[PDB]
>>> print(open('structure_15.cif').read())   # mmCIF, N, CA and C atoms
data_run
#
loop_
_atom_site.group_PDB
_atom_site.id
_atom_site.type_symbol
_atom_site.label_atom_id
_atom_site.label_comp_id
_atom_site.auth_asym_id
_atom_site.auth_seq_id
_atom_site.Cartn_x
_atom_site.Cartn_y
_atom_site.Cartn_z
ATOM 1 N N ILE A 695 6.852 -29.898 -13.718
ATOM 2 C CA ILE A 695 7.509 -28.631 -14.004
ATOM 3 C C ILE A 695 6.580 -27.771 -14.852
ATOM 4 N N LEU A 696 6.280 -26.571 -14.365
ATOM 5 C CA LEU A 696 5.407 -25.640 -15.058
ATOM 6 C C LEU A 696 6.129 -24.317 -15.269
ATOM 7 N N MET A 697 5.912 -23.716 -16.438
ATOM 8 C CA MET A 697 6.454 -22.393 -16.756
ATOM 9 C C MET A 697 5.261 -21.524 -17.142
ATOM 10 N N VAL A 698 4.577 -20.991 -16.132
ATOM 11 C CA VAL A 698 3.323 -20.280 -16.352
ATOM 12 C C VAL A 698 3.422 -18.866 -15.798
ATOM 13 N N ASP A 699 3.929 -18.739 -14.579
ATOM 14 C CA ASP A 699 4.053 -17.462 -13.890
ATOM 15 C C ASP A 699 5.516 -17.208 -13.540
ATOM 16 N N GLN A 700 5.774 -16.050 -12.941
ATOM 17 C CA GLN A 700 7.139 -15.664 -12.585
ATOM 18 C C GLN A 700 7.484 -16.106 -11.163
ATOM 19 N N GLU A 701 7.228 -17.379 -10.866
ATOM 20 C CA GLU A 701 7.659 -17.968 -9.600
ATOM 21 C C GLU A 701 8.211 -19.379 -9.716
ATOM 22 N N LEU A 702 7.861 -20.143 -10.749
ATOM 23 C CA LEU A 702 8.278 -21.533 -10.862
ATOM 24 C C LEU A 702 9.639 -21.702 -11.524
ATOM 25 N N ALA A 703 10.190 -20.641 -12.121
ATOM 26 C CA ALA A 703 11.453 -20.761 -12.840
ATOM 27 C C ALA A 703 12.600 -21.157 -11.919
ATOM 28 N N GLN A 704 12.614 -20.636 -10.692
ATOM 29 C CA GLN A 704 13.705 -20.932 -9.768
ATOM 30 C C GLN A 704 13.704 -22.407 -9.371
ATOM 31 N N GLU A 705 12.539 -22.921 -8.969
ATOM 32 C CA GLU A 705 12.420 -24.344 -8.682
ATOM 33 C C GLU A 705 12.780 -25.173 -9.907
ATOM 34 N N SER A 706 12.389 -24.700 -11.092
ATOM 35 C CA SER A 706 12.726 -25.397 -12.327
ATOM 36 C C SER A 706 14.235 -25.527 -12.488
ATOM 37 N N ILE A 707 14.962 -24.434 -12.252
ATOM 38 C CA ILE A 707 16.417 -24.463 -12.388
ATOM 39 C C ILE A 707 17.027 -25.437 -11.386
ATOM 40 N N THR A 708 16.531 -25.425 -10.145
ATOM 41 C CA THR A 708 17.057 -26.352 -9.141
ATOM 42 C C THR A 708 16.860 -27.807 -9.570
ATOM 43 N N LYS A 709 15.639 -28.147 -9.996
ATOM 44 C CA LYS A 709 15.358 -29.521 -10.406
ATOM 45 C C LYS A 709 16.214 -29.919 -11.601
ATOM 46 N N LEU A 710 16.390 -28.999 -12.554
ATOM 47 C CA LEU A 710 17.198 -29.294 -13.730
ATOM 48 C C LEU A 710 18.644 -29.579 -13.348
ATOM 49 N N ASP A 711 19.201 -28.787 -12.428
ATOM 50 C CA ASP A 711 20.568 -29.034 -11.979
ATOM 51 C C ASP A 711 20.697 -30.423 -11.363
ATOM 52 N N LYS A 712 19.750 -30.782 -10.490
ATOM 53 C CA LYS A 712 19.827 -32.087 -9.834
ATOM 54 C C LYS A 712 19.733 -33.229 -10.846
ATOM 55 N N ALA A 713 18.830 -33.102 -11.822
ATOM 56 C CA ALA A 713 18.714 -34.128 -12.855
ATOM 57 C C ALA A 713 20.002 -34.249 -13.662
ATOM 58 N N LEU A 714 20.631 -33.112 -13.972
ATOM 59 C CA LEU A 714 21.884 -33.149 -14.719
ATOM 60 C C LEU A 714 22.956 -33.915 -13.952
ATOM 61 N N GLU A 715 23.067 -33.662 -12.643
ATOM 62 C CA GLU A 715 24.054 -34.400 -11.853
ATOM 63 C C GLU A 715 23.760 -35.898 -11.854
ATOM 64 N N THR A 716 22.480 -36.271 -11.754
ATOM 65 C CA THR A 716 22.135 -37.693 -11.779
ATOM 66 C C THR A 716 22.568 -38.354 -13.088
ATOM 67 N N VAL A 717 22.291 -37.695 -14.217
ATOM 68 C CA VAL A 717 22.671 -38.258 -15.511
ATOM 69 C C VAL A 717 24.183 -38.419 -15.599
ATOM 70 N N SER A 718 24.925 -37.410 -15.130
ATOM 71 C CA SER A 718 26.381 -37.494 -15.172
ATOM 72 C C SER A 718 26.891 -38.679 -14.357
ATOM 73 N N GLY A 719 26.320 -38.893 -13.168
ATOM 74 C CA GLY A 719 26.750 -40.020 -12.352
ATOM 75 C C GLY A 719 26.509 -41.362 -13.020
ATOM 76 N N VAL A 720 25.337 -41.528 -13.637
ATOM 77 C CA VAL A 720 25.044 -42.800 -14.301
ATOM 78 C C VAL A 720 26.019 -43.039 -15.454
ATOM 79 N N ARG A 721 26.299 -41.990 -16.238
ATOM 80 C CA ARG A 721 27.282 -42.121 -17.312
ATOM 81 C C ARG A 721 28.646 -42.534 -16.770
ATOM 82 N N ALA A 722 29.046 -41.960 -15.633
ATOM 83 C CA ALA A 722 30.331 -42.319 -15.041
ATOM 84 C C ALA A 722 30.381 -43.799 -14.676
ATOM 85 N N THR A 723 29.290 -44.322 -14.106
ATOM 86 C CA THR A 723 29.256 -45.748 -13.768
ATOM 87 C C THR A 723 29.417 -46.621 -15.013
ATOM 88 N N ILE A 724 28.712 -46.264 -16.092
ATOM 89 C CA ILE A 724 28.830 -47.030 -17.334
ATOM 90 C C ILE A 724 30.274 -47.035 -17.829
ATOM 91 N N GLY A 725 30.917 -45.865 -17.821
ATOM 92 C CA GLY A 725 32.301 -45.793 -18.266
ATOM 93 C C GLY A 725 33.235 -46.638 -17.420
ATOM 94 N N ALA A 726 33.019 -46.640 -16.104
ATOM 95 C CA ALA A 726 33.856 -47.452 -15.227
ATOM 96 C C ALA A 726 33.759 -48.928 -15.594
ATOM 97 N N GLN A 727 32.532 -49.425 -15.786
ATOM 98 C CA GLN A 727 32.384 -50.840 -16.123
ATOM 99 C C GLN A 727 33.031 -51.171 -17.466
ATOM 100 N N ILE A 728 32.848 -50.305 -18.469
ATOM 101 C CA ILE A 728 33.408 -50.616 -19.782
ATOM 102 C C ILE A 728 34.934 -50.643 -19.723
ATOM 103 N N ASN A 729 35.542 -49.724 -18.963
ATOM 104 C CA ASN A 729 36.998 -49.743 -18.835
ATOM 105 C C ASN A 729 37.482 -50.999 -18.117
ATOM 106 N N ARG A 730 36.767 -51.432 -17.074
ATOM 107 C CA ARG A 730 37.177 -52.654 -16.385
ATOM 108 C C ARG A 730 37.153 -53.850 -17.331
ATOM 109 N N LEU A 731 36.103 -53.960 -18.149
ATOM 110 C CA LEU A 731 36.038 -55.079 -19.088
ATOM 111 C C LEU A 731 37.148 -54.990 -20.134
ATOM 112 N N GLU A 732 37.450 -53.776 -20.599
ATOM 113 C CA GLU A 732 38.530 -53.625 -21.569
ATOM 114 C C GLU A 732 39.858 -54.079 -20.974
ATOM 115 N N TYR A 733 40.109 -53.751 -19.704
ATOM 116 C CA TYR A 733 41.316 -54.256 -19.050
ATOM 117 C C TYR A 733 41.308 -55.776 -18.928
ATOM 118 N N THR A 734 40.170 -56.377 -18.574
ATOM 119 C CA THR A 734 40.187 -57.833 -18.425
ATOM 120 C C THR A 734 40.261 -58.561 -19.767
ATOM 121 N N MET A 735 40.136 -57.840 -20.887
ATOM 122 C CA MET A 735 40.302 -58.454 -22.210
ATOM 123 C C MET A 735 41.615 -59.230 -22.355
ATOM 124 N N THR A 736 42.753 -58.592 -22.065
ATOM 125 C CA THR A 736 44.036 -59.068 -22.591
ATOM 126 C C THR A 736 44.598 -60.285 -21.857
ATOM 127 N N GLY A 737 44.347 -60.404 -20.552
ATOM 128 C CA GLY A 737 44.899 -61.522 -19.806
ATOM 129 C C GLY A 737 44.430 -62.864 -20.326
ATOM 130 N N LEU A 738 43.183 -62.932 -20.794
ATOM 131 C CA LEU A 738 42.664 -64.171 -21.360
ATOM 132 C C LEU A 738 43.476 -64.596 -22.577
ATOM 133 N N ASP A 739 43.779 -63.647 -23.466
ATOM 134 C CA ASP A 739 44.567 -63.972 -24.651
ATOM 135 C C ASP A 739 45.989 -64.372 -24.281
ATOM 136 N N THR A 740 46.583 -63.699 -23.294
ATOM 137 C CA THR A 740 47.930 -64.078 -22.869
ATOM 138 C C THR A 740 47.951 -65.500 -22.314
ATOM 139 N N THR A 741 46.950 -65.837 -21.496
ATOM 140 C CA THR A 741 46.844 -67.189 -20.961
ATOM 141 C C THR A 741 46.623 -68.205 -22.076
ATOM 142 N N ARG A 742 45.806 -67.854 -23.072
ATOM 143 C CA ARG A 742 45.617 -68.730 -24.224
ATOM 144 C C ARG A 742 46.937 -68.988 -24.934
ATOM 145 N N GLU A 743 47.727 -67.933 -25.139
ATOM 146 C CA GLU A 743 49.026 -68.089 -25.786
ATOM 147 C C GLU A 743 49.910 -69.052 -25.005
ATOM 148 N N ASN A 744 50.032 -68.826 -23.694
ATOM 149 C CA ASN A 744 50.914 -69.667 -22.888
ATOM 150 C C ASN A 744 50.449 -71.119 -22.876
ATOM 151 N N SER B 51 76.573 -102.249 -20.126
ATOM 152 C CA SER B 51 75.522 -101.905 -21.079
ATOM 153 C C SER B 51 74.213 -101.580 -20.373
ATOM 154 N N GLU B 52 73.834 -102.389 -19.379
ATOM 155 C CA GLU B 52 72.583 -102.147 -18.668
ATOM 156 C C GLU B 52 72.619 -100.817 -17.925
ATOM 157 N N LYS B 53 73.730 -100.536 -17.236
ATOM 158 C CA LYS B 53 73.836 -99.282 -16.500
ATOM 159 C C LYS B 53 73.779 -98.085 -17.443
ATOM 160 N N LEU B 54 74.465 -98.174 -18.587
ATOM 161 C CA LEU B 54 74.447 -97.071 -19.542
ATOM 162 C C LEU B 54 73.053 -96.859 -20.127
ATOM 163 N N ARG B 55 72.338 -97.947 -20.430
ATOM 164 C CA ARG B 55 70.973 -97.815 -20.935
ATOM 165 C C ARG B 55 70.083 -97.112 -19.918
ATOM 166 N N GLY B 56 70.182 -97.525 -18.651
ATOM 167 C CA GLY B 56 69.387 -96.883 -17.616
ATOM 168 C C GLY B 56 69.692 -95.403 -17.485
ATOM 169 N N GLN B 57 70.979 -95.047 -17.522
ATOM 170 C CA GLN B 57 71.346 -93.637 -17.444
ATOM 171 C C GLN B 57 70.802 -92.845 -18.626
ATOM 172 N N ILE B 58 70.857 -93.408 -19.836
ATOM 173 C CA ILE B 58 70.339 -92.704 -21.008
ATOM 174 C C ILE B 58 68.845 -92.436 -20.851
ATOM 175 N N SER B 59 68.096 -93.458 -20.425
ATOM 176 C CA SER B 59 66.657 -93.283 -20.239
ATOM 177 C C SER B 59 66.358 -92.209 -19.197
ATOM 178 N N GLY B 60 67.078 -92.240 -18.072
ATOM 179 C CA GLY B 60 66.862 -91.232 -17.047
ATOM 180 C C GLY B 60 67.158 -89.826 -17.536
ATOM 181 N N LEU B 61 68.233 -89.670 -18.313
ATOM 182 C CA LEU B 61 68.566 -88.351 -18.840
ATOM 183 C C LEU B 61 67.472 -87.838 -19.768
ATOM 184 N N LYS B 62 66.922 -88.715 -20.610
ATOM 185 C CA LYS B 62 65.824 -88.301 -21.483
ATOM 186 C C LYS B 62 64.616 -87.835 -20.669
ATOM 187 N N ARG B 63 64.274 -88.584 -19.616
ATOM 188 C CA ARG B 63 63.121 -88.203 -18.800
ATOM 189 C C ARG B 63 63.342 -86.852 -18.122
ATOM 190 N N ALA B 64 64.557 -86.613 -17.618
ATOM 191 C CA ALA B 64 64.859 -85.313 -17.019
ATOM 192 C C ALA B 64 64.758 -84.193 -18.050
ATOM 193 N N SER B 65 65.210 -84.462 -19.278
ATOM 194 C CA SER B 65 65.109 -83.468 -20.340
ATOM 195 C C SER B 65 63.659 -83.069 -20.584
ATOM 196 N N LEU B 66 62.746 -84.041 -20.577
ATOM 197 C CA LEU B 66 61.327 -83.699 -20.718
ATOM 198 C C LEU B 66 60.826 -82.880 -19.524
ATOM 199 N N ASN B 67 61.193 -83.307 -18.310
ATOM 200 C CA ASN B 67 60.736 -82.618 -17.106
ATOM 201 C C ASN B 67 61.148 -81.150 -17.091
ATOM 202 N N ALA B 68 62.294 -80.820 -17.692
ATOM 203 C CA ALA B 68 62.756 -79.430 -17.676
ATOM 204 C C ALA B 68 61.756 -78.488 -18.352
ATOM 205 N N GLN B 69 61.335 -78.821 -19.574
ATOM 206 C CA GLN B 69 60.377 -77.972 -20.281
ATOM 207 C C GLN B 69 59.016 -77.996 -19.596
ATOM 208 N N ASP B 70 58.625 -79.175 -19.086
ATOM 209 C CA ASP B 70 57.410 -79.240 -18.280
ATOM 210 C C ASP B 70 57.447 -78.197 -17.170
ATOM 211 N N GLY B 71 58.612 -78.019 -16.546
ATOM 212 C CA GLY B 71 58.743 -77.000 -15.516
ATOM 213 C C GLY B 71 58.693 -75.579 -16.049
ATOM 214 N N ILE B 72 59.359 -75.322 -17.178
ATOM 215 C CA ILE B 72 59.497 -73.937 -17.643
ATOM 216 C C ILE B 72 58.142 -73.328 -18.027
ATOM 217 N N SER B 73 57.226 -74.144 -18.565
ATOM 218 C CA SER B 73 55.940 -73.595 -19.012
ATOM 219 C C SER B 73 55.187 -72.893 -17.874
ATOM 220 N N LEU B 74 55.213 -73.487 -16.679
ATOM 221 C CA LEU B 74 54.467 -72.948 -15.544
ATOM 222 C C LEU B 74 54.964 -71.559 -15.157
ATOM 223 N N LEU B 75 56.285 -71.384 -15.116
ATOM 224 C CA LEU B 75 56.846 -70.081 -14.784
ATOM 225 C C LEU B 75 56.493 -69.045 -15.842
ATOM 226 N N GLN B 76 56.465 -69.451 -17.115
ATOM 227 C CA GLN B 76 56.030 -68.510 -18.147
ATOM 228 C C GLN B 76 54.607 -68.018 -17.876
ATOM 229 N N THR B 77 53.709 -68.937 -17.513
ATOM 230 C CA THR B 77 52.338 -68.528 -17.196
ATOM 231 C C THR B 77 52.300 -67.560 -16.013
ATOM 232 N N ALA B 78 53.079 -67.864 -14.972
ATOM 233 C CA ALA B 78 53.097 -67.016 -13.785
ATOM 234 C C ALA B 78 53.574 -65.604 -14.112
ATOM 235 N N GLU B 79 54.624 -65.485 -14.929
ATOM 236 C CA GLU B 79 55.141 -64.155 -15.234
ATOM 237 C C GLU B 79 54.153 -63.372 -16.089
ATOM 238 N N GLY B 80 53.422 -64.055 -16.975
ATOM 239 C CA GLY B 80 52.365 -63.361 -17.701
ATOM 240 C C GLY B 80 51.323 -62.756 -16.773
ATOM 241 N N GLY B 81 50.842 -63.554 -15.814
ATOM 242 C CA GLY B 81 49.863 -63.030 -14.866
ATOM 243 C C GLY B 81 50.394 -61.856 -14.059
ATOM 244 N N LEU B 82 51.637 -61.972 -13.585
ATOM 245 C CA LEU B 82 52.238 -60.889 -12.814
ATOM 246 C C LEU B 82 52.367 -59.621 -13.650
ATOM 247 N N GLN B 83 52.700 -59.765 -14.936
ATOM 248 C CA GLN B 83 52.803 -58.597 -15.803
ATOM 249 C C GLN B 83 51.463 -57.887 -15.930
ATOM 250 N N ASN B 84 50.376 -58.651 -16.075
ATOM 251 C CA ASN B 84 49.059 -58.011 -16.135
ATOM 252 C C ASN B 84 48.762 -57.229 -14.855
ATOM 253 N N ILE B 85 49.045 -57.834 -13.697
ATOM 254 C CA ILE B 85 48.786 -57.145 -12.432
ATOM 255 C C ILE B 85 49.604 -55.857 -12.340
ATOM 256 N N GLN B 86 50.881 -55.929 -12.721
ATOM 257 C CA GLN B 86 51.746 -54.756 -12.657
ATOM 258 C C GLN B 86 51.253 -53.661 -13.593
ATOM 259 N N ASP B 87 50.722 -54.044 -14.755
ATOM 260 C CA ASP B 87 50.164 -53.049 -15.664
ATOM 261 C C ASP B 87 48.983 -52.325 -15.032
ATOM 262 N N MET B 88 48.120 -53.062 -14.328
ATOM 263 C CA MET B 88 46.967 -52.414 -13.694
ATOM 264 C C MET B 88 47.394 -51.443 -12.591
ATOM 265 N N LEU B 89 48.403 -51.831 -11.804
ATOM 266 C CA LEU B 89 48.755 -51.042 -10.625
ATOM 267 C C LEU B 89 49.205 -49.627 -10.999
ATOM 268 N N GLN B 90 49.889 -49.474 -12.135
ATOM 269 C CA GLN B 90 50.406 -48.154 -12.485
ATOM 270 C C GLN B 90 49.289 -47.214 -12.925
ATOM 271 N N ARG B 91 48.285 -47.730 -13.639
ATOM 272 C CA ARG B 91 47.122 -46.901 -13.946
ATOM 273 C C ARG B 91 46.414 -46.474 -12.669
ATOM 274 N N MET B 92 46.329 -47.379 -11.690
ATOM 275 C CA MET B 92 45.777 -46.969 -10.400
ATOM 276 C C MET B 92 46.571 -45.807 -9.806
ATOM 277 N N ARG B 93 47.904 -45.900 -9.831
ATOM 278 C CA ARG B 93 48.724 -44.834 -9.252
ATOM 279 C C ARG B 93 48.563 -43.518 -10.014
ATOM 280 N N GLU B 94 48.462 -43.593 -11.340
ATOM 281 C CA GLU B 94 48.270 -42.394 -12.149
ATOM 282 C C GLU B 94 46.960 -41.700 -11.788
ATOM 283 N N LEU B 95 45.867 -42.456 -11.742
ATOM 284 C CA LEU B 95 44.608 -41.820 -11.383
ATOM 285 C C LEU B 95 44.583 -41.422 -9.912
ATOM 286 N N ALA B 96 45.486 -41.978 -9.101
ATOM 287 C CA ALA B 96 45.646 -41.508 -7.729
ATOM 288 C C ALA B 96 46.284 -40.126 -7.687
ATOM 289 N N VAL B 97 47.374 -39.931 -8.435
ATOM 290 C CA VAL B 97 48.021 -38.622 -8.446
ATOM 291 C C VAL B 97 47.154 -37.597 -9.166
ATOM 292 N N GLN B 98 46.181 -38.054 -9.960
ATOM 293 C CA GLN B 98 45.194 -37.136 -10.530
ATOM 294 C C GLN B 98 44.532 -36.281 -9.453
ATOM 295 N N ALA B 99 44.021 -36.916 -8.404
ATOM 296 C CA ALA B 99 43.310 -36.198 -7.358
ATOM 297 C C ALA B 99 44.285 -35.592 -6.353
ATOM 298 N N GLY B 100 43.775 -34.648 -5.566
ATOM 299 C CA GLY B 100 44.578 -33.992 -4.555
ATOM 300 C C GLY B 100 44.432 -32.485 -4.570
#
>>> encode(input="structure_15.cif", output="structure tokens")
Amino acid sequence: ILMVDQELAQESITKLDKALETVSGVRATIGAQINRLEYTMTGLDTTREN
Amino acid sequence: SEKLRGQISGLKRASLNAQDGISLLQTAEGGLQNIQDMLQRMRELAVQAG
């Protein structure tokens, strides 16, 4: 990515948008896994109690 | 006397078997409750979209 002349800014904006979407997707995957593990927390304790 | 002794012993054994049975159903209902808890969150995030 270069910001030297008045032609690369448009390509820069496109690449930045695509990178932002990629980061958002990876964060979403992390959140999904953490929520699944949080749900699987409690059944183990209930089984231990029984 | 012999018949009464035998009946007493059998009744005691049945009394033990009863609680032996009840524990298993308690475990089963715990597991079912966990599954039912998950299903409603699925339905909520289902009605989210549309």
>>> interface_residues(input="structure_15.cif", of="chain A", to="chain B", cutoff="7 Å", atoms="all atoms listed in the file", output="list in words")
residues 737, 740, 741 and 744 of chain A
>>> axis_aligned_box(input="structure_15.cif", around="stretch 702-713 of chain A", padding_each_side="3 Å", output="AutoDock Vina command-line options")
--center_x 14.3 --center_y -27.2 --center_z -11.2 --size_x 18.8 --size_y 20.1 --size_z 11.0
>>> atom_distance(input="structure_15.cif", atom1="atom C of residue B:100", atom2="atom CA of residue A:717")
25.0 Å
>>> atom_distance(input="structure_15.cif", atom1="atom C of residue B:56", atom2="atom C of residue B:69")
20.5 Å
>>> atom_distance(input="structure_15.cif", atom1="atom CA of residue B:86", atom2="atom CA of residue A:736")
13.3 Å
>>> select_by_dssp(input="structure_15.cif", residues="chain A", states="alpha helix (DSSP H)", output="MDAnalysis selection string")
chainID A and resid 702:743
>>> write_last_selection(input="structure_15.cif", atoms="N, CA and C atoms", output="compact mmCIF listing (two decimals), keeping the file's coordinate frame")
# COMPACT_ATOMS: atom_id res chain seq x y z
N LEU A 702 7.86 -20.14 -10.75
CA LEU A 702 8.28 -21.53 -10.86
C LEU A 702 9.64 -21.70 -11.52
N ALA A 703 10.19 -20.64 -12.12
CA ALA A 703 11.45 -20.76 -12.84
C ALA A 703 12.60 -21.16 -11.92
N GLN A 704 12.61 -20.64 -10.69
CA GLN A 704 13.70 -20.93 -9.77
C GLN A 704 13.70 -22.41 -9.37
N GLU A 705 12.54 -22.92 -8.97
CA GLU A 705 12.42 -24.34 -8.68
C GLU A 705 12.78 -25.17 -9.91
N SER A 706 12.39 -24.70 -11.09
CA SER A 706 12.73 -25.40 -12.33
C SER A 706 14.24 -25.53 -12.49
N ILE A 707 14.96 -24.43 -12.25
CA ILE A 707 16.42 -24.46 -12.39
C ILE A 707 17.03 -25.44 -11.39
N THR A 708 16.53 -25.42 -10.14
CA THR A 708 17.06 -26.35 -9.14
C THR A 708 16.86 -27.81 -9.57
N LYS A 709 15.64 -28.15 -10.00
CA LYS A 709 15.36 -29.52 -10.41
C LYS A 709 16.21 -29.92 -11.60
N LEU A 710 16.39 -29.00 -12.55
CA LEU A 710 17.20 -29.29 -13.73
C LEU A 710 18.64 -29.58 -13.35
N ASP A 711 19.20 -28.79 -12.43
CA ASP A 711 20.57 -29.03 -11.98
C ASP A 711 20.70 -30.42 -11.36
N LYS A 712 19.75 -30.78 -10.49
CA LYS A 712 19.83 -32.09 -9.83
C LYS A 712 19.73 -33.23 -10.85
N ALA A 713 18.83 -33.10 -11.82
CA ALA A 713 18.71 -34.13 -12.86
C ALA A 713 20.00 -34.25 -13.66
N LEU A 714 20.63 -33.11 -13.97
CA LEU A 714 21.88 -33.15 -14.72
C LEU A 714 22.96 -33.92 -13.95
N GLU A 715 23.07 -33.66 -12.64
CA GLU A 715 24.05 -34.40 -11.85
C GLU A 715 23.76 -35.90 -11.85
N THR A 716 22.48 -36.27 -11.75
CA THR A 716 22.14 -37.69 -11.78
C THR A 716 22.57 -38.35 -13.09
N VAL A 717 22.29 -37.70 -14.22
CA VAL A 717 22.67 -38.26 -15.51
C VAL A 717 24.18 -38.42 -15.60
N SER A 718 24.92 -37.41 -15.13
CA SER A 718 26.38 -37.49 -15.17
C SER A 718 26.89 -38.68 -14.36
N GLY A 719 26.32 -38.89 -13.17
CA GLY A 719 26.75 -40.02 -12.35
C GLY A 719 26.51 -41.36 -13.02
N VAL A 720 25.34 -41.53 -13.64
CA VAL A 720 25.04 -42.80 -14.30
C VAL A 720 26.02 -43.04 -15.45
N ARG A 721 26.30 -41.99 -16.24
CA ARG A 721 27.28 -42.12 -17.31
C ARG A 721 28.65 -42.53 -16.77
N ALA A 722 29.05 -41.96 -15.63
CA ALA A 722 30.33 -42.32 -15.04
C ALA A 722 30.38 -43.80 -14.68
N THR A 723 29.29 -44.32 -14.11
CA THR A 723 29.26 -45.75 -13.77
C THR A 723 29.42 -46.62 -15.01
N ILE A 724 28.71 -46.26 -16.09
CA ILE A 724 28.83 -47.03 -17.33
C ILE A 724 30.27 -47.04 -17.83
N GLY A 725 30.92 -45.86 -17.82
CA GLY A 725 32.30 -45.79 -18.27
C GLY A 725 33.24 -46.64 -17.42
N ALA A 726 33.02 -46.64 -16.10
CA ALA A 726 33.86 -47.45 -15.23
C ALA A 726 33.76 -48.93 -15.59
N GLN A 727 32.53 -49.42 -15.79
CA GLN A 727 32.38 -50.84 -16.12
C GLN A 727 33.03 -51.17 -17.47
N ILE A 728 32.85 -50.30 -18.47
CA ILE A 728 33.41 -50.62 -19.78
C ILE A 728 34.93 -50.64 -19.72
N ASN A 729 35.54 -49.72 -18.96
CA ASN A 729 37.00 -49.74 -18.84
C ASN A 729 37.48 -51.00 -18.12
N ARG A 730 36.77 -51.43 -17.07
CA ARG A 730 37.18 -52.65 -16.39
C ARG A 730 37.15 -53.85 -17.33
N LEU A 731 36.10 -53.96 -18.15
CA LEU A 731 36.04 -55.08 -19.09
C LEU A 731 37.15 -54.99 -20.13
N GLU A 732 37.45 -53.78 -20.60
CA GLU A 732 38.53 -53.62 -21.57
C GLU A 732 39.86 -54.08 -20.97
N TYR A 733 40.11 -53.75 -19.70
CA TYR A 733 41.32 -54.26 -19.05
C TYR A 733 41.31 -55.78 -18.93
N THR A 734 40.17 -56.38 -18.57
CA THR A 734 40.19 -57.83 -18.42
C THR A 734 40.26 -58.56 -19.77
N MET A 735 40.14 -57.84 -20.89
CA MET A 735 40.30 -58.45 -22.21
C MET A 735 41.62 -59.23 -22.36
N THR A 736 42.75 -58.59 -22.06
CA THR A 736 44.04 -59.07 -22.59
C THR A 736 44.60 -60.28 -21.86
N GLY A 737 44.35 -60.40 -20.55
CA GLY A 737 44.90 -61.52 -19.81
C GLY A 737 44.43 -62.86 -20.33
N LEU A 738 43.18 -62.93 -20.79
CA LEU A 738 42.66 -64.17 -21.36
C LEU A 738 43.48 -64.60 -22.58
N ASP A 739 43.78 -63.65 -23.47
CA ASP A 739 44.57 -63.97 -24.65
C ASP A 739 45.99 -64.37 -24.28
N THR A 740 46.58 -63.70 -23.29
CA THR A 740 47.93 -64.08 -22.87
C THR A 740 47.95 -65.50 -22.31
N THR A 741 46.95 -65.84 -21.50
CA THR A 741 46.84 -67.19 -20.96
C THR A 741 46.62 -68.20 -22.08
N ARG A 742 45.81 -67.85 -23.07
CA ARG A 742 45.62 -68.73 -24.22
C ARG A 742 46.94 -68.99 -24.93
N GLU A 743 47.73 -67.93 -25.14
CA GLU A 743 49.03 -68.09 -25.79
C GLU A 743 49.91 -69.05 -25.00
>>> decode(input="structure_15.cif", residues="stretch 66-75 of chain B", atoms="N, CA, C and O atoms", output="PDB file, in the first residue's frame")
ATOM      1  N   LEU B  66     -33.797 -51.173  49.028  1.00  0.00           N
ATOM      2  CA  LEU B  66     -32.548 -50.668  48.449  1.00  0.00           C
ATOM      3  C   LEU B  66     -32.677 -50.450  46.939  1.00  0.00           C
ATOM      4  O   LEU B  66     -32.243 -49.411  46.399  1.00  0.00           O
ATOM      5  N   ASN B  67     -33.277 -51.423  46.243  1.00  0.00           N
ATOM      6  CA  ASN B  67     -33.415 -51.328  44.791  1.00  0.00           C
ATOM      7  C   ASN B  67     -34.182 -50.081  44.367  1.00  0.00           C
ATOM      8  O   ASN B  67     -33.921 -49.529  43.290  1.00  0.00           O
ATOM      9  N   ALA B  68     -35.130 -49.625  45.189  1.00  0.00           N
ATOM     10  CA  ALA B  68     -35.924 -48.452  44.814  1.00  0.00           C
ATOM     11  C   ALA B  68     -35.049 -47.211  44.611  1.00  0.00           C
ATOM     12  O   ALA B  68     -35.143 -46.525  43.582  1.00  0.00           O
ATOM     13  N   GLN B  69     -34.197 -46.899  45.590  1.00  0.00           N
ATOM     14  CA  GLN B  69     -33.327 -45.731  45.465  1.00  0.00           C
ATOM     15  C   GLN B  69     -32.290 -45.936  44.368  1.00  0.00           C
ATOM     16  O   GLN B  69     -31.946 -44.987  43.628  1.00  0.00           O
ATOM     17  N   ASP B  70     -31.780 -47.172  44.252  1.00  0.00           N
ATOM     18  CA  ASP B  70     -30.903 -47.485  43.128  1.00  0.00           C
ATOM     19  C   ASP B  70     -31.556 -47.082  41.810  1.00  0.00           C
ATOM     20  O   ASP B  70     -30.894 -46.549  40.913  1.00  0.00           O
ATOM     21  N   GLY B  71     -32.861 -47.328  41.683  1.00  0.00           N
ATOM     22  CA  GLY B  71     -33.569 -46.918  40.481  1.00  0.00           C
ATOM     23  C   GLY B  71     -33.732 -45.415  40.346  1.00  0.00           C
ATOM     24  O   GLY B  71     -33.577 -44.864  39.252  1.00  0.00           O
ATOM     25  N   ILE B  72     -34.059 -44.731  41.446  1.00  0.00           N
ATOM     26  CA  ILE B  72     -34.405 -43.308  41.343  1.00  0.00           C
ATOM     27  C   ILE B  72     -33.210 -42.462  40.888  1.00  0.00           C
ATOM     28  O   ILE B  72     -33.382 -41.456  40.165  1.00  0.00           O
ATOM     29  N   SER B  73     -31.990 -42.843  41.293  1.00  0.00           N
ATOM     30  CA  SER B  73     -30.822 -42.028  40.940  1.00  0.00           C
ATOM     31  C   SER B  73     -30.672 -41.862  39.423  1.00  0.00           C
ATOM     32  O   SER B  73     -30.349 -40.768  38.926  1.00  0.00           O
ATOM     33  N   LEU B  74     -30.911 -42.941  38.672  1.00  0.00           N
ATOM     34  CA  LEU B  74     -30.723 -42.918  37.224  1.00  0.00           C
ATOM     35  C   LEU B  74     -31.663 -41.921  36.554  1.00  0.00           C
ATOM     36  O   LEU B  74     -31.262 -41.167  35.654  1.00  0.00           O
ATOM     37  N   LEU B  75     -32.929 -41.914  36.974  1.00  0.00           N
ATOM     38  CA  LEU B  75     -33.888 -40.974  36.409  1.00  0.00           C
ATOM     39  C   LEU B  75     -33.510 -39.538  36.742  1.00  0.00           C
ATOM     40  O   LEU B  75     -33.698 -38.632  35.917  1.00  0.00           O
TER      41      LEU B  75
END
